[PDB]
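Q: Take this structure, written in structure tokens, and hold onto it; I'll ask about it next.
Coordinate-derived values only; no laboratory data. Because the Cβ atoms are built from the backbone with ideal geometry, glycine has one as well, and the counts that use them run over all protein chains shown.
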């Protein structure tokens, strides 16, 4: 889901709820997801901290 | 490990221990490790000195 929504359109997904954000930060981090989107996902949690 | 972590993300590994920094600076200065990530270790050692 995230990979396609990021490649086709210049946006990141699942910004709707906090639990999905915490998990996508946590369990994800494999090569499978693009790092360009992934650092943008991490920065949200960093700002919350 | 260092080549994979630098290419997976624009960050360098083994930054924790000074011994590992001295090893990455001493050996591994040939083409085996990526040039850009090695320049960081050179800059760290140079700043220390």
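Q: Tally up the residues in region B:4-21 that are touching a helix residue (DSSP H, G or I) at 6+ places or on another chain (Cβ under 8 Å) and either part of a helix (DSSP H, G or I) or at positive phi (or both), please.
A: 4
Q: While we're on this one: Taking the conditions exactly as written (exposed (fewer than 14 other Cβ atoms within 10 Å of the Cβ) and within 14 Å of another protein chain (Cβ to nearest Cβ)), does residue B:7 satisfy them or not?
A: yes
Q: Among (1) within 30 Å of residue A:33 (Cα to Cα); (2) more than 14 Å from chain A (Cβ to nearest Cβ), where does residue B:27 come up short?
A: (1)
Q: Select from region B:22-35 the residues that are touching a helix residue (DSSP H, G or I) at 6+ places or on another chain (Cβ under 9 Å) and loosely packed, with under 11 Cβ neighbours inside 10 Å and list them in ascending order.
A: To start, the set of residues in region B:22-35 that are touching a helix residue (DSSP H, G or I) at 6+ places or on another chain (Cβ under 9 Å) comprises B:22, B:24-25, B:28-29, B:32-34.
If the condition is that a residue be touching a helix residue (DSSP H, G or I) at 6+ places or on another chain (Cβ under 9 Å) and loosely packed, with under 11 Cβ neighbours inside 10 Å, then B:32 is the only one that fits.
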